[PDB]
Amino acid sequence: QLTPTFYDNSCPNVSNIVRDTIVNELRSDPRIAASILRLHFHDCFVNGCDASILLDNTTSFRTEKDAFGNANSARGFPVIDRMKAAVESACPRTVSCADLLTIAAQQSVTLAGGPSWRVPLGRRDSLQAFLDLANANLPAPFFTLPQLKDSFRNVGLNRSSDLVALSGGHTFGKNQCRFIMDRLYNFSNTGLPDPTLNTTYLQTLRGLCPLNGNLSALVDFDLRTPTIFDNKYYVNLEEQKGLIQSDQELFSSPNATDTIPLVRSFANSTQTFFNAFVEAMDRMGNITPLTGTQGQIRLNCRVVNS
């Protein structure tokens, strides 16, 4: 059983050390909080939150960093190394990389203006990485709502509230032009833009992501408050201004009878969204953790102890 007080005696200042690291980093990289939250999500959706994503290549197993959903996309690894080193100095061989990343995600959300809460702790680190599983389990922006639901159910999150709330992670952060080119110029082989994309916003996005342009160019997930963690993400959806297909489908999919009321509830109330986000975050953070004597307390998050 994971518990929020797991380190209250062994490393009482772990959350503060993690917070300090993110605060400093945010001055040079305003995108780091979003990036870290995403790392935690990518950790939990592949064999659970066991820091498997933090492992680098070895001659026996490939790193998840080369997965389609991570390669040239996931970022912030050096920052995690930094806080891990700072925590190792404060409390040697005590805090697992899995827990560190979980705390880092929560602190990132809070620092960005989101809710503040104590995440359950006690997770341990994996002894291997899972590239194939990462390629199979990470959802793609072109997924239909049924596919998005299936992807979450696959890892243990059955509730549509889990999906709608966690999708709120797109209240900040960046997205490459490559992931919306179809919506802008040729959606579903129609030669036309995605009809669920607001036409005014369509023009704006086409200007940022011209056909035959730099597909790596970055666009804000939330046009209202690009770097603030709030419920504006949902207000955008109600106006057909969700950035990627998977965002807008929560409100426009023919299968959205159950997600629409959730989108509206979160758009109508910050408290309702924040409460749901915390509940969903803890549920995701509870996915198949290694505990007790299972796995290890990695000293270097990039490699298994030797």
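Start at 1 with the first residue shown and count on from there.
Trainee: Test of understanding: from the entry's C-alpha B-factors, which stretch has the higher mean, 145-153 or 74-82?
Mentor: Averaged over C-alpha atoms, the B-factors run higher in 74-82.
Trainee: Select between 6-14 and 290-298 the stretch whose C-alpha atoms have the higher average B-factor in the entry.
Mentor: In the deposited entry, the stretch with the higher C-alpha B-factor mean is 6-14.
Trainee: Name the residue from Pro115, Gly168, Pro193, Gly207 with the greatest C-alpha temperature factor listed in the entry.
Mentor: The listed residue with the largest C-alpha B-factor is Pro115.
Trainee: Checking the record values for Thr59, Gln245, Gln240, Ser253, which has the greatest CA B factor?
Mentor: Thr59 has the highest C-alpha B-factor of those listed.
Trainee: Thinking about Cα B factors across the chain, which third does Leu138 belong to?
Mentor: Lowest third - that is where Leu138 ends up once the chain's C-alpha B-factors are sorted.
Trainee: Would the CA B-factor of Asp29 place it in the lowest, middle or highest third of its chain?
Mentor: Its C-alpha B-factor belongs to the highest third of this chain's values.
Trainee: Using the temperature factors of the C-alpha atoms in this entry, rank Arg183 within its chain: lowest, middle or highest third.
Mentor: Lowest third of the chain for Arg183's C-alpha B-factor.
Trainee: Among the chain's modelled residues, which third holds the C-alpha B-factor of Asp125?
Mentor: Its C-alpha B-factor, which the entry lists for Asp125, ranks in the lowest third among residues of this chain.
Trainee: Would the CA B-factor of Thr257 place it in the lowest, middle or highest third of its chain?
Mentor: As the PDB entry reports it, the C-alpha B-factor of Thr257 lands in the middle third of its chain.
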